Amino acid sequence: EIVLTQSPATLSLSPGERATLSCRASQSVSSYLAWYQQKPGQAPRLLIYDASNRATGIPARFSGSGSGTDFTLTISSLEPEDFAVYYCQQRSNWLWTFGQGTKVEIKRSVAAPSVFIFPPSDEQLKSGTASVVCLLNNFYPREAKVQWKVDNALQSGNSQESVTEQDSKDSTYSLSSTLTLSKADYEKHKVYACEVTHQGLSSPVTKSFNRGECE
């Protein structure tokens, strides 16, 4: 069985830098190895076929090489539209497989999040539910830890988060976390706090509010 394995999973590099992406076959294979690009929101497109041949329309900054088990895609100098996900692919007889993908990501300087918290709306309280939103704005790198505490009890299992794609202007992430409680559970407790840990912060930041303070 032939597996293609790509490395690294995330390749963080500056715009303008050279990028080398690796695809390794579990066993030796012909050099009929293809590479595809998938821009965010889009269908894959063919970039390279038979290891080193650019497909029609593909700019000259893309190259491929390799043979045996070891394959590389090289982009000589990264442009903004190069920051995307790349997959290698091959076929042995009637089996086709893909590597798991490498995401080419924009490296930039560290940036701490601005942390903001939003208590429940009055409209939502009527409805029977309390959603508390913690916002982490314009930070780098992607890794961040958000913890919820209600009267200092560390919360588990009642929050979800998501993260935007790198900002087109400053290359940062922003993250939203939502704690959701029944109105009943919300009125029991007093203090609602979002605690944020990230590489740009010299100590964790805690944004909080008290059930009665915002109107």
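Residue numbers here begin at 1 and follow the sequence given.
Of the two segments, 203-211 and 13-21, the one listed with the higher mean B-factor is 203-211 (C-alpha atoms only). Stretches 159-167 and 180-188 differ in mean CA B factor, with 180-188 having the higher one. In this entry, the residue among 137, 102, 89, 121 with the greatest C-alpha B factor is 121. Note on the listed residues 109, 76, 97, 127: the highest Cα temperature factor in the record is that of 127. When the modelled residues of the chain are ordered by their C-alpha B factor, residue 62 lands in the middle third. Residue-level temperature factors show residue 26 in the middle third of its chain, judged at the C-alpha atom.
When all modelled residues of the chain are sorted by CA temperature factor, residue 53 is found within the middle third.
Split the chain's modelled residues into thirds by C-alpha temperature factor. Residue 42 is in the highest one. When the modelled residues of the chain are ordered by C-alpha B-factor, residue 174 sits in the lowest third.
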